[PDB]
Amino acid sequence: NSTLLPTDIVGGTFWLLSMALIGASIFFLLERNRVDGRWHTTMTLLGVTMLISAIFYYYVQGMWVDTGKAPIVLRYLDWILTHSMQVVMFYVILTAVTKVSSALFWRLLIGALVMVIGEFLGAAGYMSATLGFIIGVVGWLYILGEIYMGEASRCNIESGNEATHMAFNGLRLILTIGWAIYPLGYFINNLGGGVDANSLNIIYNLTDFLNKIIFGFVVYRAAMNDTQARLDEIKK
Amino acid sequence: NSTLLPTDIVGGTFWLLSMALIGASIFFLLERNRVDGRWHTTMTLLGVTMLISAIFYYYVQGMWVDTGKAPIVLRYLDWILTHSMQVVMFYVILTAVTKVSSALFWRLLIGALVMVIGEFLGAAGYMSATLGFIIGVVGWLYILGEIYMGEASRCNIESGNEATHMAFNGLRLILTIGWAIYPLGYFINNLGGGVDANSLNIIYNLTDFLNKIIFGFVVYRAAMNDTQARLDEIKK
Amino acid sequence: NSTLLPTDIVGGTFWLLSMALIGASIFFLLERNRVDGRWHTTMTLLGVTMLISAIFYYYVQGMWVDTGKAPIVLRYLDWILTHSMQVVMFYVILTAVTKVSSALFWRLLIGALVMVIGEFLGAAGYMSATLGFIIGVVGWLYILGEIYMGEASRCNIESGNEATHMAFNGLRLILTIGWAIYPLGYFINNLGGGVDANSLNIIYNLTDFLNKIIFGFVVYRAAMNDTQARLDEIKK
Amino acid sequence: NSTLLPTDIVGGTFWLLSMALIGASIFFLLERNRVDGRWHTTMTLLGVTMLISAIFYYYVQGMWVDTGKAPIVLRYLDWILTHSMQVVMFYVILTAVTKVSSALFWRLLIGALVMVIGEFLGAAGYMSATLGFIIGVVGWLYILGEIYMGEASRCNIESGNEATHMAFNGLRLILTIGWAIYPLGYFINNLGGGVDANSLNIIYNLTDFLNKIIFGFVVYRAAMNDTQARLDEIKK
Amino acid sequence: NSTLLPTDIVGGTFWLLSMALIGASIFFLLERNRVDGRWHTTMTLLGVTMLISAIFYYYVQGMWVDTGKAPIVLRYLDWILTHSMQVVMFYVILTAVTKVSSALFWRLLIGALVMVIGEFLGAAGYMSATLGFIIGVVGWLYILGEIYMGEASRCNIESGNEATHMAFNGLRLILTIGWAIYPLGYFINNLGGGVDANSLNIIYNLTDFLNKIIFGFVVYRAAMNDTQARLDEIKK
Ligand SMILES: CCCCCCCCCCCCCCCCCCCC
Ligand SMILES: CCCCCCCCCCCCCCCCCCCC
Ligand SMILES: CCCCCCCCCCCCCCCCCCCC
Ligand SMILES: CCCCCCCCCCCCCCCCCCCC
């Protein structure tokens with residue numbers, strides 16, 4: 001056949017994302033009633049995260065259909081909200097099953113905001129692109145230190161919940177690996193050679209499968225797993 | 001009268017599909033509360049599948065109204081999501097009533113992804129149309145081997161659930177026969193003489209009655225049947 | 001004043017219908033939880049019927065606003081779905097309160113499909129307008145024989161439910177009288193002198209008050225009546 | 001500053017109305033679950049009334065944004081539905097707490113339909129504006145006689161419910177005073193000097209605060225009051 | 001990079017606000033079921049406030065996308081509704097946990113309406129900008145006197161609820177500090193030098209994070225805190 005053009009792929013992946021995310025949202029929000037009540041905030045936050053994301057992709061697809069332009073800087077609108085919601089999920093899931101300092105919520109949320117807002121300043125010309133990279137990468141390595149070596153990590157080890165053991169590990173691996181895409185997108189788009197925006201929209205669209213959807217399913221399986229482990233122990 | 005033009009049929013069948021699918025979705029999601037809880041994920045997945053599908057048809061009808069073009073390659077956006085959701089339904093329904101290796105979920109989902117992604121590469125010019133056919137047909141014969149001769153089949157026979165006996169058979173017959181349309185659409189559109197896109201949009205629209213809606217109703221009757229069989233046995 | 005033009009009435013009645021139907025839908029779907037559970041499918045089907053209908057009217061009003069044309073042939077999109085849903089309601093309501101052969105569901109649904117699809121072929125030029133009339137009229141007299149002289153009738157008499165006695169009679173009278181509009185619309189528009197499309201859009205819009213909304217309220221009162229009769233007998 | 005133009009006010013009040021009404025709707029529909037079940041139809045009808053109204057204002061604001069015209073005759077689309085729903089509320093609230101002839105429902109609904117349909121005929125040029133006034137005013141004085149001197153009045157006095165005593169009085173005062181706006185709008189716009197349509201749109205928009213929203217809150221407080229009085233008496 | 005233009009920021013912050021607010025709304029409305037029933041009106045009012053706000057931002061973003069203009073006077077549409085809903089929250093939260101005169105509801109709501117309507121008259125040219133400032137500032141200092149030195153304050157001290165102690169303080173600090181933005185916006189835009197509308201849209205958008213969202217979360221934590229304190233005391 002005649003190859004599809006990246007412009008055709010850019011637009012279709014906005015629809016794909018839009019659909020998958022509204023799907024994930026509704027699923028997470030209808031399955032909110034079948035998990036224990038200890039899991040209800042986790043599931044609401046999950047499902048709302050997917051919805052915000054979906055509304056972004058709806059806004060973006062219309063911009064694209066109308067104009068044929070979808071700047072990369074627009075991605076910070078989504079990430080200011082949804083990357084914050086995803087980081088704070090670590091706290092929410094821990095408060096479902098153990099006791100944890102509320103300080104942790106704030107540590108986590110600040111790191112997320114630093115990581116998005118720093119990269120947004122370099123991207124939008126308000127400060128050097130070099131500096132917004134460094135700040136974005138610092139705000140991310142902080143979040144990693146929280147979850148690998150900090151309170152969230154310890155709380156996790158000392159929870160005793162085997163559902164949370166698995167969520168923490170899986171969510172952490174997505175943030176460690178999945179979320180590496182964001183510093184690297186930035187590095188190339190800004191500090192490096194540069195990258196076609198079409199290419200980078202495709203990349204950012206296709207990685208929101210991992211970074212948002214698999215992230216969701218991991219949370220969902222924890223809530224489901226746990227709900228059931230509590231039922232299986234009631235039987236005994 | 002003066003015959004309707006296929007262009008008129010193409011556009012109306014997008015509306016028809018849109019309506020039927022939002023209908024099916026809402027029905028499946030409101031009837032989610034009247035089935036046993038063992039059936040709740042099945043019903044949520046069902047209803048969300050219908051919703052994704054509906055949102056596609058909404059996206060497509062607007063493209064059509066605006067442009068009068070509805071490429072066939074756009075169908076892979078729907079199928080990447082909804083054909084995967086339908087294949088994994090076999091697993092979901094089995095996990096409602098029996099114990100099944102989680103491996104099966106992945107076998108099933110990979111086959112679906114191979115079958116859609118392979119046919120999408122040949123369709124969009126990234127690899128030979130011949131090869132995307134072969135791969136799509138392989139990804140489909142795999143799914144069939146799963147459900148006719150593989151674990152899903154055995155799990156089904158050894159479940160003992162008579163609701164699931166009936167779902168499996170009916171869902172299997174739709175995949176065996178209903179889903180033959182997709183390899184054959186592809187074969188003709190790409191590897192064969194060729195086919196008017198209007199004609200093929202009509203065909204793909206009218207077969208989503210079977211492939212999506214009757215598929216849904218089959219799942220719904222199983223969940224309903226079973227819910228009731230459990231109530232009828234509680235009375236004794 | 002200066003008379004409104006039928007074009008002004010055509011467009012306003014699309015809005016009226018749209019509003020009334022989304023209203024009816026939401027009401028039927030929120031009152032689904034206050035009827036017995038034996039009535040839940042009836043109420044979901046009712047409310048979904050109204051919703052499909054509403055989405056049609058939304059699609060049509062946009063076509064009208066944009067183009068000032070609203071072909072009559074577009075009505076078959078609605079009727080293929082909603083006339084089938086309304087005919088099968090007879091079965092659904094009977095299965096709420098008595099035992100009935102599942103065959104009846106199919107008898108009923110085939111008649112509905114014959115009646116819509118036959119008149120759609122004559123309307124869209126695929127077969128003689130004469131023949132599509134005859135077939136549409138045959139598919140309708142069949143449905144009437146079902147409900148006046150056939151199993152549905154007997155099941156109704158032998159149910160003993162006084163709520164269903166009333167629904168059956170009222171729904172039957174709407175199909176006997178209300179639905180006469182459809183053969184006659186067809187006869188005039190196609191086989192007869194002809195009729196302004198504006199006039200006929202107005203007529204079809206204003207009769208969806210009877211044919212859809214009063215039809216709904218009749219079903220709703222049965223479910224409500226019965227739910228209450230069961231509560232009043234529990235008190236004794 | 002430089003005065004806002006009435007055109008600017010007309011358009012903003014459509015948005016204001018739209019927002020307030022979708023707000024009221026959702027509130028009434030979520031608070032439907034916290035009132036006694038005897039109040040559930042009242043609350044569903046309330047919330048659906050607000051929703052129909054909101055959908056009107058959405059339809060109208062788009063017409064305005066596109067065209068800069070919002071005829072007054074368009075108001076009869078809303079009023080044919082929502083004035084009927086509001087009049088029949090008297091019956092619904094009485095059937096929540098006492099026994100009342102079903103005849104009353106019909107008396108009430110006919111008066112509403114006469115009052116809207118008569119004024120719509122004079123407005124749209126089908127009969128003399130004089131006569132449509134007289135008929136609209138007759139259909140309104142009838143409704144008033146029902147609720148001041150007729151069965152609804154008696155049923156209210158003989159109910160004994162103090163929540164309903166208060167609703168009836170408040171709803172009656174809105175219909176007596178609030179709804180006087182409609183005959184007077186009509187009189188001036190048609191039978192009298194005439195009135196700028198911008199002015200009259202503003203007036204009709206700002207009076208739907210009373211006539212729809214305060215009307216709603218009155219119903220809501222009755223349902224709430226009563227629900228609570230029944231709980232306070234259960235404690236004793 | 002090349003700096004983003006304030007026009008680019010104005011449009012993106014409308015989307016940001018839109019997304020965050022629909023997010024907050026849905027979260028507050030799904031978490032309505034996990035708080036005590038004493039908190040249900042608070043949570044419904046909260047979530048509906050967020051929704052009205054979101055619908056505004058949707059209306060505004062379309063105006064902007066179409067026209068590139070977003071007058072500041074449009075903000076009074078939102079504030080007439082949502083500032084009233086936020087002020088009356090003080091009453092709603094007090095009626096959740098203590099007994100309070102219904103008079104307070106009205107004191108509070110009048111202050112809110114005076115504060116918005118006065119500033120809207122000066123803004124839209126109907127009265128001197130000076131006078132609309134004074135009135136807006138008076139309507140605000142009144143609300144502050146209510147909540148710092150008036151009944152609401154006393155009711156709060158005499159409630160004994162420690163969740164409400166915290167909400168009152170936090171909501172009060174947002175109104176004292178957060179809401180200072182509104183008098184000062186007005187002062188500068190109208191009575192003072194003047195201010196770019198782009199700048200002021202950015203400022204008003206970014207302060208609806210505090211003034212609406214943090215306001216919400218404060219209410220949500222009170223309802224959550226309390227619900228739990230009541231569960232923890234039931235255990236003892
Ligand atoms: C028991 C202690 C509390 C547990 C649950 C806490 C629930 C909070 C969940 C909502 C957090 C949302 C954070 C969204 C960040 C958006 C920030 C945008 C700034 C521009
Ligand atoms: C042990 C019980 C487990 C039940 C698992 C429920 C998971 C259902 C949701 C699965 C959806 C998977 C298909 C998602 C479609 C998109 C995948 C690839 C897109 C590129
Ligand atoms: C046995 C208990 C009752 C179960 C019946 C469930 C009925 C579900 C609704 C049936 C749907 C009717 C068919 C609507 C679509 C018609 C097919 C369109 C073909 C183009
Ligand atoms: C127990 C006493 C009752 C407590 C609950 C009262 C519920 C009130 C909730 C609604 C208040 C909204 C009032 C502001 C709406 C905007 C008014 C705009 C006027 C132009």
Side-chain angles (χ1 to χ4, degrees), chain A residues 1-24 50 53-72 74-75 78 181 195-213, chain B residues 10 14 17-18 21 49 51-85 112-127 129 132 135-136 182 185-186 189-190 197 200-201 204-205 208:
Chain A
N1 303 65
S2 40
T3 351
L4 264 195
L5 301 174
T7 267
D8 307 69
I9 312 297
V10 175
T13 59
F14 292 137
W15 281 358
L16 180 58
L17 268 292
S18 203
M19 279 151 56
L21 283 162
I22 190 60
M50 300 297 91
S53 233
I55 290 166
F56 176 77
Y57 276 98
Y58 193 68
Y59 278 135
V60 178
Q61 61 71 34
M63 179 175 274
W64 173 260
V65 161
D66 297 355
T67 76
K69 304 166 147 194
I72 292 305
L74 269 181
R75 293 265 194 196
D78 176 22
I181 200 70
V195 196
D196 184 17
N198 287 342
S199 309
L200 200 53
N201 280 304
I202 280 156
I203 293 164
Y204 280 149
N205 284 357
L206 265 30
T207 63
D208 285 341
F209 261 103
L210 185 48
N211 296 346
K212 301 221 214 77
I213 280 163
Chain B
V10 175
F14 292 137
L17 268 292
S18 203
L21 283 162
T49 315
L51 176 55
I52 284 171
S53 233
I55 288 166
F56 176 77
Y57 276 97
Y58 193 67
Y59 280 134
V60 178
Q61 61 70 34
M63 180 174 274
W64 174 259
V65 161
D66 298 355
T67 76
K69 307 173 161 189
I72 292 305
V73 83
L74 269 181
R75 294 263 193 196
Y76 293 101
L77 295 175
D78 176 22
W79 301 346
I80 195 51
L81 297 182
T82 69
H83 284 182
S84 304
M85 292 163 80
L113 295 170
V114 161
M115 168 203 175
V116 177
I117 289 168
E119 195 191 297
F120 168 85
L121 294 165
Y126 303 132
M127 61 175 170
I135 288 162
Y182 297 121
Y186 185 92
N189 191 21
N190 307 294
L200 199 53
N201 280 304
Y204 280 149
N205 284 357
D208 285 341

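By convention in this document, chain letters (A, B, ...) are assigned in the order of the sequence lines, proteins followed by strands, and residues within each chain are numbered from 1. Just so you know, these numbers use all the heavy atoms, side chains as well, and skip hydrogens, waters and symmetry mates.
Between B:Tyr182 and B:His83, the angle of the ring planes lies from 30° to 60°, which puts this pair in the tilted group.
B:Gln61 places a side-chain N or O within 3.5 Å of a backbone atom of B:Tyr58 that can act as its donor or acceptor partner. Between the side chain of A:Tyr204 and the backbone N or O of A:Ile72 there is no donor-acceptor pair closer than 3.5 Å. Distance alone, capped at 3.5 Å, is enough to place a donor-acceptor pair between the B:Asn190 side chain and the B:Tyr186 backbone.
Residues A:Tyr59 and A:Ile55 meet the side-chain proximity criterion, which asks for heavy atoms closer than 4.5 Å. Between A:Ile202 and A:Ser199 the shortest side-chain heavy-atom distance does not fall below 4.5 Å. Under the 4.5 Å side-chain criterion, counting only non-hydrogen atoms from C-beta, A:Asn201 is in contact with A:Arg75.
Summarising the geometry, atom CG belonging to A:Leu206 is positioned 7.5 Å from atom CG belonging to A:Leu16; distances are rounded to the nearest 0.5 Å. Taken from OG in B:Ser84 to CG in B:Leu113, the straight-line distance is 4.0 Å, to the nearest 0.5 Å. Atom-to-atom distance recorded for A:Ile181:CD1 and A:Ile203:CD1 is 6.0 Å, nearest 0.5 angstrom. Taken to the nearest 0.5 Å, the CG atom of B:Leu121 stands 4.0 Å off from the CE atom of B:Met127. Considering CG of B:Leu77 and OG1 of B:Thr82, their distance stands at 10.5 Å, rounded to 0.5 Å. Put simply, CG on A:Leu17 and CD1 on A:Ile22 are 12.5 Å apart, with the number rounded to the nearest 0.5 Å.
The two atoms that bring A:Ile213 and A:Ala24 nearest to each other are CG1-CB, 4.5 Å, heavy atoms only. What you find for A:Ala54 and A:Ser18 is that their closest heavy atoms are O-OG, 3.8 Å. Counting all heavy atoms, side chain and backbone alike, A:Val10 lies closest to A:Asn198 at CG2-O, 3.3 Å. A:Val60 approaches A:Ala70 most closely through the heavy-atom pair CG1-CB, 4.1 Å. Taking every heavy atom of both residues into account, A:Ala20 and B:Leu81 meet most closely at N-CD1, 3.7 Å.
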>> Determine whether B:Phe56 and B:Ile52 satisfy the following criterion, side chain to side chain contact (heavy atoms under 4.5 Å, CB included), listing intermediate values before the conclusion.
In response: CA-CA 6 Å; B:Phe56 176 77; B:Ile52 284 171; 5.8 Å; no
>> One pair to check against side chain to side chain contact (heavy atoms under 4.5 Å, CB included): B:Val65 and B:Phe14. What are the steps and the verdict?
In response: CA-CA 10 Å; B:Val65 161; B:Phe14 292 137; over 6 Å; no
>> Run the side chain to side chain contact (heavy atoms under 4.5 Å, CB included) test on A:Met63 and A:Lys69 for me, step by step, so that the C-alpha distance in whole Å, both residues' side-chain angles and the decisive distance to 0.1 Å come before the verdict.
In response: CA-CA 7 Å; A:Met63 179 175 274; A:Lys69 304 166 147 194; 5.9 Å; no
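Defined by atom type and a distance below 3.5 Å, a donor-acceptor pair is present between the side-chain atoms of B:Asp78 and B:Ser53. Counting only N and O atoms by type, the side chains of B:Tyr76 and B:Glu119 include a donor and acceptor under 3.5 Å apart.
Note: B:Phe120 and B:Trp79 fail the aromatic proximity criterion, with ring centroids not under 6.0 Å apart.
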